[PDB]
């Protein structure tokens, strides 16, 4: 009935190679901040309001035409969204996709360019809704994929174009459900991947087309589990990456496809562990990137192929550190005052 402390922002590397971050202010409006230039250490816009009143993490996704679209639960518990009217232009007004949802939304593009949104319902089942044509309305009716879930859901596309959703169940195990064909409303049953998880799951597709899931375990270590075959079962056993973490993990790919995991430590600093040598390599010991953070970290690869990590500070500002040739940059402040608006805590 609880999870590790959430990520405070949603981040994208945009169609013109700029990082753009979305969070919630004390006013419950959605604010965003973007790099001026497509480079590590670019100056930032500063925070501007997209307005709205939200009761979930705001979640940005890039349409297949490059237009950003932000999804959030409203004060009426409906799913709301707001989109760029054109790839490098301004924003629509907030509009309702209706429904009643009880989680952060999770979004992915189908192979046919239709966004599909997953969110928990009042019945704690997983519900979904989709664009009826590529990067466009109108949207379908809501429908349920059943199950009973106790975390925010996470969606990723398989290397064969089939969407797959991950969530914690009532038994605290990791559960998943998948499309049986791309672009379809043909889904599997919910299946258990067992384990005990104490955070939202994080899902990545490896360089070799395998889904891999990360989550905090009952021992507060970082655990992971993967498809053993590209876009296929069987799944591996759960394996520990050790550490003791006091937030949700974030995972991103180095530009050589080496996976790197980030999480807050018992000392409230940012910690990370990475694959060494190659994307098939063994994982490093956990090492500190310092800071004092009051959120999970959010990791993304920028247009220079460097990882950048965002986390809320003790002042509730968003702070930022990034990879250098030598190691990592000192934390700088992007300012703002951000709240954890997660629909599940």
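In this text, the rigid core denotes the largest set of C-alpha atoms whose superposition between the two forms falls within 1.5 Å. Positions refer to the first chain, counted from 1.
Exercise for the section: Give, as the answer, the stretch of 216 to 224 and 86 to 94 that departs more from the shown form in 9 other deposited structures of this protein; the measure is RMS Cα distance after a core fit. Expected result: Stretch with the larger root mean square C-alpha distance in 9 other deposited structures of this protein: 86 to 94.
Exercise for the section: Could you settle it for me: does 326 to 334 or 10 to 18 have the higher average Cα B factor in the PDB entry? Expected result: The deposited B-factors put 326 to 334 ahead on the C-alpha mean.
Problem - Residue range whose averaged C-alpha B-factor is higher in the record, 278 to 286 or 31 to 39 - result: That would be 278 to 286.
Problem - 155, 72, 221, 126, ranked by C-alpha B-factor: the highest one - result: Top of the list by C-alpha B-factor: 221.
Exercise for the section: Return the residue from 107, 89, 119, 82 that has the highest Cα B-factor in the entry. Expected result: In the PDB entry, the greatest C-alpha B-factor among 107, 89, 119, 82 is found at 89.
Exercise for the section: Would you please rank residue 166 by its C-alpha temperature factor against the other modelled residues of its chain and give the third it falls in: lowest, middle or highest? Expected result: As the PDB entry reports it, the C-alpha B-factor of residue 166 lands in the lowest third of its chain.
Practice task
Ordered by C-alpha B-factor within the chain, which third holds residue 192? Give me lowest, middle or highest, please.
Solution key: Ranked within chain, residue 192 CA B lands in the middle tercile.
Exercise for the section: Select lowest, middle or highest to describe the third in which the CA B-factor of residue 302 falls within its chain in this entry. Expected result: Middle third.
Handout entry: Entry-reported Cα temperature factor of residue 68, expressed as the chain third it lands in
Key = For residue 68, the deposited C-alpha B-factor lands in the lowest third.
Handout entry: residue 207 - which third its CA temperature factor falls in, relative to the rest of the chain
Key = Ranked within chain, residue 207 CA B lands in the middle tercile.
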